[PDB]
Amino acid sequence: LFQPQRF
Amino acid sequence: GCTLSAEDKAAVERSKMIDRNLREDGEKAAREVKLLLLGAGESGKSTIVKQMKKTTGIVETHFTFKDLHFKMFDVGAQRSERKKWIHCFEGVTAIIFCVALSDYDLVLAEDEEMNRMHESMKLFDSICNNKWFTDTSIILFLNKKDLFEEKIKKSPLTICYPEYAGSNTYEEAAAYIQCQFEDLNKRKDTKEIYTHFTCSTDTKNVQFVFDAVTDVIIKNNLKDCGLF
Amino acid sequence: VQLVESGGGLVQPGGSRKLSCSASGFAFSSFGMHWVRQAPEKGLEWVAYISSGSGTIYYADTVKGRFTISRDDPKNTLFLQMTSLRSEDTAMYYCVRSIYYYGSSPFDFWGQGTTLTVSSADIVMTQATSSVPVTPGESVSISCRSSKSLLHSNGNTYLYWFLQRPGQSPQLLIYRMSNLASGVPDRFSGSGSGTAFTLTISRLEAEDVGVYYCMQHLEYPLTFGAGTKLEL
Amino acid sequence: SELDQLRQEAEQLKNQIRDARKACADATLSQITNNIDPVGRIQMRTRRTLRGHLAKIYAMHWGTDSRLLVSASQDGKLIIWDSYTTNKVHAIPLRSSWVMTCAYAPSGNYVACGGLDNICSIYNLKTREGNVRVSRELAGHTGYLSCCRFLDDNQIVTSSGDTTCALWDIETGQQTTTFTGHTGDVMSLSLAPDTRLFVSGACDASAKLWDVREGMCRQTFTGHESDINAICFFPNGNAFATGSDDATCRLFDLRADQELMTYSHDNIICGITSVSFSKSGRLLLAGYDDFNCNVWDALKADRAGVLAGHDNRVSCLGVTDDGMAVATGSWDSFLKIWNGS
Amino acid sequence: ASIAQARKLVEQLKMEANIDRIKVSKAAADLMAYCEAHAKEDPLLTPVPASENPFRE
Amino acid sequence: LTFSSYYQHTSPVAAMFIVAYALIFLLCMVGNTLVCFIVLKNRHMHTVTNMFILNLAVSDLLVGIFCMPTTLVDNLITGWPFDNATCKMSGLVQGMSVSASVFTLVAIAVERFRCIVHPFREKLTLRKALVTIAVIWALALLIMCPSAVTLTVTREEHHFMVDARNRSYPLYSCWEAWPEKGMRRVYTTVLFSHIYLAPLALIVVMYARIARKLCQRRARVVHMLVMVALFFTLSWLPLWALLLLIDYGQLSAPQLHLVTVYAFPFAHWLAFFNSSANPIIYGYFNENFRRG
């Protein structure tokens with residue numbers, strides 16, 4: 001899983 | 001290219017120097033308080049001018065008070081149409097209105113039931129509700145309080161204020177007439193009236209003006225830039 | 001209006017001196033102040049220039065670096081320091097006032113000057129005649145020439161006509177080749193279009209004899225002419 | 001009884017004047033110029049923006065050379081602009097910062113000023129010292145000066161708030177002539193091209209044409225319902241246009257001795273502050289209180305252009321002598337010089 | 001007093017009355033003639049080409 | 001393939017996502033378009049009080065329509081469906097809008113401080129000020145430029161999303177802005193500096209000075225200034241606290257998934273509340289926009 005998107 | 005000769009370049013330099021001088025003079029003028037003095041002729045305006053400090057026109061009195069230069073303009077010597085020049089004072093910091101509390105009984109030379117102080121409140125209403133003074137606070141100077149106190153013992157206040165329903169003591173009479181004077185303001189949201197009774201020492205009634213002008217300049221500073 | 005100067009004298013070569021001008025009777029701080037020199041029995045030569053407020057400072061090519069111009073506006077004084085004086089610097093130094101705006105008359109007033117004794121470019125102005133004999137009551141014409149057209153794109157010609165009477169400081173006769181300086185008789189008139197310019201003196205009499213100088217004001221390396229001497 | 005019969009005589013003469021005017025009135029100007037072609041939409045564009053004033057611009061006058069102009073803006077400053085290059089050739093400090101009028105001498109050597117101080121001040125431009133200085137501070141009016149204009153280097157005519165006008169000799173500093181007859185204070189004044197007769201508008205809603213030399217009111221004109229704020233002469237000199245607070249401009253004729261035309265619109269509700277004619281006399285420009293100016297046809301009364309470049313009341317208006325540019329001054333402390341294309 | 005103002009005003013009104021007036025049609029014709037004759041010399045009315053425009057940008 | 005689908009959870013994530021983000025979006029648009037209406041109808045305040053408000057409004061436009069829907073798209077299933085082209089520009093514009101909004105708030109605070117505490121000092125808010133707003137966006141471009149180009153998506157080879165839509169394709173999301181070990185922490189630290197310590201310190205010191213030189217009704221300015229400072233601090237605390245914690249010390253638990261699916265959209269909601277609260281704080285309470 002990859003949902004770290006900032007800003 | 002530059003397409004400018006020596007004389008044109010020097011003229012441009014002269015114009016730039018003139019611009020600098022104008023900017024400095026304008027800054028100095030902005031670091032100053034402007035007041036407009038009004039009221040009836042027999043309202044002690046000369047006395048209050050003396051306390052603060054050849055042609056029958058506008059007279060300018062300048063005085064300093066704790067690093068606040070004051071320029072006060074008395075236009076009471078102008079007998080022409082007021083509505084044709086009052087806009088020239090649209091940008092004044094505050095308006096000082098002087099009303100004599102001892103003229104509630106006295107009547108003008110053209111005595112046609114129009115009391116002197118009735119004309120005074122008509123003038124105050126006209127000044128307060130003027131389109132050019134929507135955002136100009138008014139300092140209401142109530143003069144001759146001691147002589148009004150002396151006069152109120154004999155002459156009742158009901159002659160020119162029939163709707164009075166209070167005692168004939170000076171304190172209650174002054175409070176009631178103060179509220180009546182402030183009643184004529186129809187723009188309470190924008191402007192506010194600072195009412196002060198003239199006293200013996202000039203310190204108190206110049207300090208009142210200083211406090212009022214400080215408060216109003218703070219208010220315009222906080223309202224011009226978008227804050228508040 | 002009055003311009004007086006001080007600081008001249010004898011100088012050993014390689015020395016230094018500070019000529020000073022003490023303006024009076026006018027608004028000095030609003031005037032751009034020049035410096036002119038005149039070698040003995042020779043023509044004029046612009047030396048330096050400082051603008052009002054000390055904005056732009058200009059120097060002649062032959063004196064650039066050695067000469068430092070400055071002004072004390074509060075005391076209405078103008079100083080010209082010189083360094084490493086050479087034998088070519090022996091000249092009468094005049095101080096000239098000049099304002100610049102639309103319709104102004106720059107170089108209107110010249111000081112009396114002080115005597116100093118030491119033990120490429122553009123617009124070369126040539127006046128072919130040098131000595132003209134004259135008679136009172138007659139009309140005379142003086143001609144001068146320029147290396148490039150003096151008619152700027154704004155419609156103004158920048159040619160000036162000065163007169164130096166014998167033993168007297170120069171005075172402004174005509175500015176911008178056509179306009180008459182205030183305080184002079186109306187018999188003077190100027191002409192010319194781009195290169196050749198004429199001063200027309202009608203009904204000449206005494207007190208008008210002496211040398212006549214032409215000047216340019218387009219490129220700031222201002223160049224005078226040899227000057228024509230009207231002699232009786 | 002004597003006052004009653006004098007009033008009867010007065011109203012009889014007024015009725016006789018009205019009858020004479022309606023007798024000489026046969027055809028309207030709009031009818032007479034109905035068949036002429038109308039000018040297209042005037043497309044003035046701002047060419048120069050003179051900045052530097054820090055308060056409401058109250059007066060502006062073009063120089064005779066049509067390059068130099070003088071402006072007063074109630075900040076203690078009298079600024080002379082070179083309009084071609086947008087330069088300031090002079091900045092004259094003012095003793096009284098309540099100026100309401102300005103004038104540029106036709107010879108170009110003197111500049112007039114005046115305001116609520118009841119005093120007309122003359123300033124010398126061409127001086128040996130190089131700085132503008134006061135030459136003659138005229139006094140004697142008992143009302144604010146609303147308009148001052150130059151006849152020559154030694155004579156002016158000043159209109160003041162004491163319901164009178166005065167012709168002053170500069171050298172002596174005395175009112176060499178006084179014109180009286182207006183009930184209300186006068187607010188504007190303009191001279192004929194030959195500087196022989198001059199008209200003056202007042203708050204009396206009447207415009208009186210006076211003679212400079214004889215010294216009495218030659219004619220009087222009515223028709224406005226409010227105070228007259230501005231007046232201007234036709235270039236011919238046989239007619240003049242007045243702008244008033246009733247949101248209307250009116251063109252009066254001298255020889256006809258009556259009103260000629262009325263320039264008004266329903267969309268226009270604010271009064272007029274300044275008026276000015278074009279060089280040919282066909283375009284009449286008027287500054288309004290809605291922060292823009294209107295360009296009417298002097299012959300057709302049809303609006304021909306709008307000058308919307310100001311965000312405050314337009315208080316000044318002047319057209320150069322050669323009819324090249326148009327200067328507009330407003331309370332936003334900015335001058336705008338407009339031209340066509 | 002008021003009587004002096006009264007006689008002065010009636011004298012002025014009589015001086016107004018003794019003035020001759022031309023026909024309004026003639027006055028309008030003169031105005032039209034001047035306006036048409038001074039055309040093409042009015043840069044405000046007829047725009048001047050940019051070559052002779054001194055205020056061009 | 002990695003299987004998986006939009007069902008991060010059945011009821012809660014979908015419910016809160018749709019409802020709450022719809023609310024913040026609608027509030028943002030109504031407030032921002034109302035501010036735009038007032039500023040376009042404005043005729044007496046063409047000064048800073050209009051141009052800086054327009055800049056804040058357009059920054060609101062970007063920090064809305066250019067960040068909220070892409071965040072929804074990224075958080076729906078696993079990441080960006082259409083990628084390898086959009087990721088770079090979308091990420092840089094989101095960073096652009098966030099930094100631009102923060103620096104616009106800082107600049108308007110500086111302008112108020114100068115023009116109030118020093119009223120007769122540099123009154124000019126002229127085309128020089130206009131250049132200042134034209135150049136704050138250039139500064140944002142410069143600060144986010146070093147991490148802009150090197151924002152490659154790489155490839156999640158194990159993530160070939162095929163669950164129910166029959167969408168055989170390589171699914172991937174923007175991997176990292178820096179591959180040289182701790183340089184990711186370095187650029188995160190420089191962003192932390194430029195967004196949350198220099199602006200924070202400047203705002204708090206100038207706001208305290210304004211409060212001191214003001215009254216020790218006229219206390220409303222001090223109260224609202226303190227309130228807006230506290231709100232700006234507390235709304236942007238969750239995001240960068242979360243980034244700091246996730247960068248320094250791994251949780252090492254199923255929480256490492258749970259907090260990412262739950263709090264990160266909640267934190268984004270708190271942060272995006274700035275986009276809707278700035279119009280109500282700045283455009284309504286000034287009482288000069290409310291006049292018309």
# chains A, B, ... in the order shown; residues from 1 in each chain; ligands from 1
>>> residues_around(residues="residue 190 (chain B)", least_positions_apart="2", cutoff="7 Å", atoms="only C-alpha atoms", output="ChimeraX atom specification")
/B:134-135,187-188,192
>>> residues_around(residues="residue 1 (chain A)", least_positions_apart="5", cutoff="9 Å", atoms="only C-alpha atoms", output="VMD selection string")
chain F and resid 2 78 159 257
>>> write_last_selection(atoms="N, CA, C and O atoms", output="PDB file, in the first residue's frame")
ATOM      1  N   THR F   2      -1.478  -7.239  -6.782  1.00  0.00           N
ATOM      2  CA  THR F   2      -1.683  -6.794  -5.406  1.00  0.00           C
ATOM      3  C   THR F   2      -3.150  -6.824  -4.990  1.00  0.00           C
ATOM      4  O   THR F   2      -3.475  -6.489  -3.846  1.00  0.00           O
ATOM      5  N   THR F  78      -5.952   2.981  -4.711  1.00  0.00           N
ATOM      6  CA  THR F  78      -4.560   2.933  -4.271  1.00  0.00           C
ATOM      7  C   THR F  78      -3.746   4.155  -4.665  1.00  0.00           C
ATOM      8  O   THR F  78      -2.747   4.445  -3.997  1.00  0.00           O
ATOM      9  N   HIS F 159       1.887  -3.801  -7.998  1.00  0.00           N
ATOM     10  CA  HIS F 159       0.579  -3.148  -8.020  1.00  0.00           C
ATOM     11  C   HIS F 159       0.133  -2.986  -9.469  1.00  0.00           C
ATOM     12  O   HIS F 159       0.352  -1.949 -10.096  1.00  0.00           O
ATOM     13  N   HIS F 257      -0.888   1.082   8.705  1.00  0.00           N
ATOM     14  CA  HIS F 257      -1.904   1.196   7.663  1.00  0.00           C
ATOM     15  C   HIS F 257      -3.117   1.977   8.165  1.00  0.00           C
ATOM     16  O   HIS F 257      -3.676   2.805   7.437  1.00  0.00           O
TER      17      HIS F 257
END
>>> residues_around(residues="residue 11 (chain C)", least_positions_apart="5", cutoff="7 Å", atoms="only C-alpha atoms", output="VMD selection string")
chain C and resid 117 to 119
>>> write_last_selection(atoms="C-alpha atoms", output="PDB file, in the first residue's frame")
ATOM      1  CA  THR C 117      49.062  80.636 -13.033  1.00  0.00           C
ATOM      2  CA  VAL C 118      51.198  77.481 -12.994  1.00  0.00           C
ATOM      3  CA  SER C 119      54.980  77.774 -13.218  1.00  0.00           C
TER       4      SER C 119
END
>>> interface_residues(of="chain A", to="chain F", cutoff="7 Å", atoms="only C-alpha atoms", output="PyMOL selection string")
chain A and resi 1-3+7
>>> select_by_dssp(residues="region 55-303 of chain D", states="strand (DSSP E or B)", output="PyMOL selection string")
chain D and resi 59-62+68-72+77-82+87-93+99-104+110-115+119-124+133-139+145-152+155-160+164-169+174-180+186-191+197-202+207-211+217-221+228-233+239-244+249-253+258-263+272-277+283-288+293-297+303
>>> residues_around(residues="residue 90 (chain C)", least_positions_apart="3", cutoff="9 Å", atoms="only C-alpha atoms", output="list in words")
residues 37, 38, 39, 40, 85, 86, 87, 115, 116, 117, 118 and 119 of chain C
>>> interface_residues(of="chain C", to="chain B", cutoff="10 Å", atoms="only C-alpha atoms", output="PyMOL selection string")
chain C and resi 30-32+51-53+55-56+99-102+104+106+152-154+156+158+217-220
>>> write_last_selection(atoms="N, CA, C and O atoms", output="PDB file, in the first residue's frame")
ATOM      1  N   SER C  30      18.975  75.517  -6.265  1.00  0.00           N
ATOM      2  CA  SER C  30      18.180  75.079  -7.402  1.00  0.00           C
ATOM      3  C   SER C  30      18.869  75.337  -8.735  1.00  0.00           C
ATOM      4  O   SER C  30      18.233  75.199  -9.784  1.00  0.00           O
ATOM      5  N   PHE C  31      20.147  75.708  -8.722  1.00  0.00           N
ATOM      6  CA  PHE C  31      20.879  76.038  -9.937  1.00  0.00           C
ATOM      7  C   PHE C  31      21.975  75.009 -10.179  1.00  0.00           C
ATOM      8  O   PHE C  31      22.721  74.664  -9.259  1.00  0.00           O
ATOM      9  N   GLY C  32      22.070  74.530 -11.417  1.00  0.00           N
ATOM     10  CA  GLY C  32      23.217  73.736 -11.820  1.00  0.00           C
ATOM     11  C   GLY C  32      24.380  74.656 -12.131  1.00  0.00           C
ATOM     12  O   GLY C  32      24.242  75.618 -12.894  1.00  0.00           O
ATOM     13  N   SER C  51      25.069  69.251 -11.181  1.00  0.00           N
ATOM     14  CA  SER C  51      23.646  69.530 -11.273  1.00  0.00           C
ATOM     15  C   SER C  51      23.088  69.918  -9.909  1.00  0.00           C
ATOM     16  O   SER C  51      23.741  69.768  -8.874  1.00  0.00           O
ATOM     17  N   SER C  52      21.861  70.433  -9.924  1.00  0.00           N
ATOM     18  CA  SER C  52      21.174  70.753  -8.680  1.00  0.00           C
ATOM     19  C   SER C  52      20.966  69.486  -7.862  1.00  0.00           C
ATOM     20  O   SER C  52      20.515  68.461  -8.383  1.00  0.00           O
ATOM     21  N   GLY C  53      21.300  69.555  -6.577  1.00  0.00           N
ATOM     22  CA  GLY C  53      21.257  68.381  -5.734  1.00  0.00           C
ATOM     23  C   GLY C  53      22.413  67.426  -5.913  1.00  0.00           C
ATOM     24  O   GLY C  53      22.363  66.314  -5.376  1.00  0.00           O
ATOM     25  N   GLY C  55      23.318  65.644  -8.392  1.00  0.00           N
ATOM     26  CA  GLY C  55      22.893  64.415  -9.031  1.00  0.00           C
ATOM     27  C   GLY C  55      23.879  63.895 -10.056  1.00  0.00           C
ATOM     28  O   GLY C  55      24.454  62.818  -9.880  1.00  0.00           O
ATOM     29  N   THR C  56      24.084  64.651 -11.131  1.00  0.00           N
ATOM     30  CA  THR C  56      25.000  64.273 -12.197  1.00  0.00           C
ATOM     31  C   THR C  56      26.196  65.211 -12.196  1.00  0.00           C
ATOM     32  O   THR C  56      26.031  66.435 -12.189  1.00  0.00           O
ATOM     33  N   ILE C  99      20.008  77.076 -14.851  1.00  0.00           N
ATOM     34  CA  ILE C  99      18.856  76.236 -14.553  1.00  0.00           C
ATOM     35  C   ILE C  99      18.358  75.604 -15.842  1.00  0.00           C
ATOM     36  O   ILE C  99      18.585  76.118 -16.944  1.00  0.00           O
ATOM     37  N   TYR C 100      17.685  74.465 -15.700  1.00  0.00           N
ATOM     38  CA  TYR C 100      17.178  73.710 -16.841  1.00  0.00           C
ATOM     39  C   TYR C 100      15.717  73.352 -16.607  1.00  0.00           C
ATOM     40  O   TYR C 100      15.411  72.477 -15.792  1.00  0.00           O
ATOM     41  N   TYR C 101      14.826  74.024 -17.325  1.00  0.00           N
ATOM     42  CA  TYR C 101      13.445  73.586 -17.476  1.00  0.00           C
ATOM     43  C   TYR C 101      12.930  74.159 -18.789  1.00  0.00           C
ATOM     44  O   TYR C 101      13.660  74.841 -19.513  1.00  0.00           O
ATOM     45  N   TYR C 102      11.672  73.867 -19.099  1.00  0.00           N
ATOM     46  CA  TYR C 102      11.097  74.329 -20.355  1.00  0.00           C
ATOM     47  C   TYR C 102      11.034  75.850 -20.384  1.00  0.00           C
ATOM     48  O   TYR C 102      10.359  76.468 -19.557  1.00  0.00           O
ATOM     49  N   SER C 104      13.698  77.781 -19.928  1.00  0.00           N
ATOM     50  CA  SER C 104      14.738  78.352 -19.091  1.00  0.00           C
ATOM     51  C   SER C 104      15.856  78.933 -19.953  1.00  0.00           C
ATOM     52  O   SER C 104      15.930  78.711 -21.163  1.00  0.00           O
ATOM     53  N   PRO C 106      19.665  78.744 -19.526  1.00  0.00           N
ATOM     54  CA  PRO C 106      20.909  78.321 -18.876  1.00  0.00           C
ATOM     55  C   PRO C 106      22.081  79.189 -19.302  1.00  0.00           C
ATOM     56  O   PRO C 106      22.078  79.793 -20.376  1.00  0.00           O
ATOM     57  N   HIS C 152      17.929  68.885 -32.324  1.00  0.00           N
ATOM     58  CA  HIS C 152      17.533  67.643 -31.683  1.00  0.00           C
ATOM     59  C   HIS C 152      16.140  67.223 -32.156  1.00  0.00           C
ATOM     60  O   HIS C 152      15.417  67.977 -32.813  1.00  0.00           O
ATOM     61  N   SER C 153      15.769  65.988 -31.809  1.00  0.00           N
ATOM     62  CA  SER C 153      14.494  65.433 -32.247  1.00  0.00           C
ATOM     63  C   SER C 153      13.298  66.151 -31.636  1.00  0.00           C
ATOM     64  O   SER C 153      12.179  66.000 -32.139  1.00  0.00           O
ATOM     65  N   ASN C 154      13.500  66.926 -30.573  1.00  0.00           N
ATOM     66  CA  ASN C 154      12.416  67.659 -29.932  1.00  0.00           C
ATOM     67  C   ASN C 154      12.173  69.025 -30.558  1.00  0.00           C
ATOM     68  O   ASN C 154      11.330  69.776 -30.059  1.00  0.00           O
ATOM     69  N   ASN C 156      14.382  71.522 -30.745  1.00  0.00           N
ATOM     70  CA  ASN C 156      15.185  72.552 -30.102  1.00  0.00           C
ATOM     71  C   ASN C 156      16.614  72.482 -30.618  1.00  0.00           C
ATOM     72  O   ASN C 156      17.231  71.414 -30.603  1.00  0.00           O
ATOM     73  N   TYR C 158      20.478  73.718 -29.915  1.00  0.00           N
ATOM     74  CA  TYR C 158      21.161  73.948 -28.649  1.00  0.00           C
ATOM     75  C   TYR C 158      22.436  74.756 -28.843  1.00  0.00           C
ATOM     76  O   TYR C 158      23.480  74.425 -28.273  1.00  0.00           O
ATOM     77  N   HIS C 217      25.280  72.581 -26.811  1.00  0.00           N
ATOM     78  CA  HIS C 217      24.757  71.999 -25.583  1.00  0.00           C
ATOM     79  C   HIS C 217      24.060  70.665 -25.832  1.00  0.00           C
ATOM     80  O   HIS C 217      23.167  70.279 -25.070  1.00  0.00           O
ATOM     81  N   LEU C 218      24.450  69.944 -26.883  1.00  0.00           N
ATOM     82  CA  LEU C 218      23.859  68.637 -27.152  1.00  0.00           C
ATOM     83  C   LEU C 218      24.592  67.526 -26.408  1.00  0.00           C
ATOM     84  O   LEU C 218      23.998  66.820 -25.588  1.00  0.00           O
ATOM     85  N   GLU C 219      25.881  67.364 -26.681  1.00  0.00           N
ATOM     86  CA  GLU C 219      26.714  66.395 -25.987  1.00  0.00           C
ATOM     87  C   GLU C 219      27.532  67.128 -24.936  1.00  0.00           C
ATOM     88  O   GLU C 219      28.186  68.129 -25.242  1.00  0.00           O
ATOM     89  N   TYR C 220      27.493  66.628 -23.707  1.00  0.00           N
ATOM     90  CA  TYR C 220      28.006  67.392 -22.577  1.00  0.00           C
ATOM     91  C   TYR C 220      29.497  67.718 -22.625  1.00  0.00           C
ATOM     92  O   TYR C 220      29.931  68.617 -21.895  1.00  0.00           O
TER      93      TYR C 220
END
>>> residues_around(residues="region 86-100 of chain D", least_positions_apart="2", cutoff="8 Å", atoms="only C-alpha atoms", output="MDAnalysis selection string")
(chainID B and resid 11:12 14:15 18 88) or (chainID C and resid 101:102) or (chainID D and resid 48:50 58:59 72:84 102 113:117 132 145:147)
>>> residues_around(residues="residue 212 (chain B)", least_positions_apart="5", cutoff="12 Å", atoms="only C-alpha atoms", output="MDAnalysis selection string")
chainID B and resid 33 35 93:96 136:141 192:196 205:207 217:219
>>> write_last_selection(atoms="N, CA, C and O atoms", output="short mmCIF file (atom, residue, chain, number, x, y, z; two decimals), in the first residue's frame")
data_model
loop_
_atom_site.label_atom_id
_atom_site.label_comp_id
_atom_site.auth_asym_id
_atom_site.auth_seq_id
_atom_site.Cartn_x
_atom_site.Cartn_y
_atom_site.Cartn_z
N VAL B 33 -2.58 66.64 12.57
CA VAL B 33 -4.00 66.51 12.84
C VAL B 33 -4.70 67.78 12.39
O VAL B 33 -4.20 68.89 12.63
N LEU B 35 -8.39 69.89 12.38
CA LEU B 35 -9.67 70.05 13.03
C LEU B 35 -10.42 71.23 12.43
O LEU B 35 -9.81 72.22 12.02
N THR B 93 -9.54 65.41 10.39
CA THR B 93 -9.46 64.34 11.38
C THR B 93 -10.69 64.31 12.27
O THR B 93 -11.23 63.23 12.55
N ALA B 94 -11.16 65.47 12.72
CA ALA B 94 -12.33 65.55 13.57
C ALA B 94 -12.94 66.94 13.44
O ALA B 94 -12.29 67.88 12.96
N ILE B 95 -14.18 67.06 13.88
CA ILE B 95 -14.92 68.32 13.84
C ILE B 95 -15.24 68.72 15.27
O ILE B 95 -15.84 67.93 16.02
N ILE B 96 -14.85 69.93 15.66
CA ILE B 96 -15.11 70.45 17.00
C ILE B 96 -16.32 71.36 16.92
O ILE B 96 -16.30 72.38 16.21
N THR B 136 -16.61 61.16 10.07
CA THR B 136 -15.85 62.20 10.76
C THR B 136 -16.44 62.37 12.16
O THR B 136 -17.55 62.88 12.30
N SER B 137 -15.70 61.94 13.17
CA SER B 137 -16.17 62.06 14.54
C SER B 137 -16.27 63.53 14.95
O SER B 137 -15.54 64.38 14.44
N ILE B 138 -17.18 63.81 15.87
CA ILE B 138 -17.46 65.17 16.30
C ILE B 138 -17.14 65.28 17.78
O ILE B 138 -17.62 64.47 18.59
N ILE B 139 -16.33 66.28 18.13
CA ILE B 139 -16.05 66.59 19.53
C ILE B 139 -17.00 67.71 19.93
O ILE B 139 -16.88 68.85 19.46
N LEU B 140 -17.96 67.39 20.78
CA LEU B 140 -18.99 68.33 21.21
C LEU B 140 -18.52 69.04 22.47
O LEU B 140 -18.53 68.47 23.56
N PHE B 141 -18.11 70.29 22.32
CA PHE B 141 -17.66 71.11 23.44
C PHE B 141 -18.85 71.88 23.99
O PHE B 141 -19.41 72.74 23.30
N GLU B 192 -18.87 58.76 15.92
CA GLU B 192 -19.18 58.82 17.34
C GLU B 192 -18.87 60.22 17.85
O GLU B 192 -17.94 60.88 17.38
N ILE B 193 -19.66 60.67 18.82
CA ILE B 193 -19.54 62.01 19.39
C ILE B 193 -18.83 61.90 20.73
O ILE B 193 -19.23 61.10 21.59
N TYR B 194 -17.79 62.70 20.91
CA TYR B 194 -17.09 62.81 22.19
C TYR B 194 -17.49 64.13 22.82
O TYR B 194 -17.06 65.20 22.39
N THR B 195 -18.34 64.07 23.85
CA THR B 195 -18.88 65.27 24.47
C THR B 195 -18.09 65.60 25.73
O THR B 195 -17.88 64.74 26.59
N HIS B 196 -17.65 66.86 25.83
CA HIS B 196 -16.90 67.32 26.99
C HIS B 196 -17.37 68.70 27.40
O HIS B 196 -17.67 69.55 26.56
N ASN B 205 -9.29 70.38 28.88
CA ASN B 205 -10.01 70.46 27.62
C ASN B 205 -9.08 70.53 26.40
O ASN B 205 -9.58 70.67 25.28
N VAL B 206 -7.76 70.45 26.60
CA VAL B 206 -6.89 70.12 25.47
C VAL B 206 -6.55 68.64 25.54
O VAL B 206 -6.33 68.00 24.50
N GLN B 207 -6.52 68.07 26.75
CA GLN B 207 -6.29 66.64 26.88
C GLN B 207 -7.45 65.84 26.33
O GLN B 207 -7.26 64.77 25.75
N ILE B 217 -7.66 58.67 15.11
CA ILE B 217 -6.62 58.30 14.15
C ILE B 217 -6.33 56.81 14.25
O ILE B 217 -6.06 56.16 13.24
N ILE B 218 -6.39 56.25 15.46
CA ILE B 218 -6.27 54.80 15.60
C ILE B 218 -7.37 54.10 14.82
O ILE B 218 -7.13 53.11 14.12
N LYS B 219 -8.60 54.61 14.93
CA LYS B 219 -9.73 53.98 14.24
C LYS B 219 -9.57 54.03 12.73
O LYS B 219 -9.80 53.04 12.03
#
>>> closest_atom_pairs(of="chain F", to="chain D", cutoff="12 Å", atoms="only C-alpha atoms", output="Markdown table")
| residue | atom | partner | partner_atom | distance |
| --- | --- | --- | --- | --- |
| F:42 | CA | D:311 | CA | 11.7 |
| F:43 | CA | D:311 | CA | 8.0 |
| F:44 | CA | D:311 | CA | 7.6 |
| F:45 | CA | D:311 | CA | 10.3 |
| F:46 | CA | D:311 | CA | 9.9 |
>>> interface_residues(of="chain D", to="chain C", cutoff="7 Å", atoms="only C-alpha atoms", output="ChimeraX atom specification")
/D:89,129-131
>>> write_last_selection(atoms="N, CA, C and O atoms", output="CSV table (one decimal), in the first residue's frame")
chain,number,residue,atom,x,y,z
D,89,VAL,N,7.9,71.9,-13.9
D,89,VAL,CA,8.9,73.0,-14.0
D,89,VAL,C,8.9,73.8,-12.8
D,89,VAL,O,9.9,74.5,-12.5
D,129,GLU,N,16.1,85.7,-9.4
D,129,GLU,CA,16.5,84.8,-8.3
D,129,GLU,C,16.2,83.3,-8.7
D,129,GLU,O,16.9,82.5,-8.1
D,130,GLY,N,15.4,83.0,-9.6
D,130,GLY,CA,15.1,81.7,-10.0
D,130,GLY,C,14.0,80.9,-9.3
D,130,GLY,O,13.6,79.8,-9.8
D,131,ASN,N,13.5,81.5,-8.2
D,131,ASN,CA,12.4,80.9,-7.5
D,131,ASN,C,11.1,81.7,-7.6
D,131,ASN,O,11.2,83.0,-7.5
>>> interface_residues(of="chain F", to="chain B", cutoff="10 Å", atoms="only C-alpha atoms", output="VMD selection string")
chain F and resid 45 47 to 50 111 to 113 115 to 117 119 to 123 214 to 215 218 to 222 224 to 225 282 to 283 285 to 289
>>> interface_residues(of="chain B", to="chain D", cutoff="7 Å", atoms="only C-alpha atoms", output="mmCIF file with C-alpha atoms, in the first residue's frame")
data_model
loop_
_atom_site.group_PDB
_atom_site.id
_atom_site.type_symbol
_atom_site.label_atom_id
_atom_site.label_comp_id
_atom_site.auth_asym_id
_atom_site.auth_seq_id
_atom_site.Cartn_x
_atom_site.Cartn_y
_atom_site.Cartn_z
ATOM 1 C CA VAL B 12 13.948 65.323 -15.741
ATOM 2 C CA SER B 15 11.277 67.127 -11.907
ATOM 3 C CA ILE B 18 10.545 68.393 -7.124
ATOM 4 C CA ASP B 19 8.827 65.018 -6.728
ATOM 5 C CA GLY B 26 3.130 65.440 1.959
ATOM 6 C CA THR B 56 -12.871 87.844 7.639
ATOM 7 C CA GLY B 57 -12.377 84.369 6.227
ATOM 8 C CA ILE B 58 -10.864 81.114 7.472
ATOM 9 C CA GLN B 78 -17.437 83.192 6.299
ATOM 10 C CA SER B 80 -21.312 82.941 2.092
#
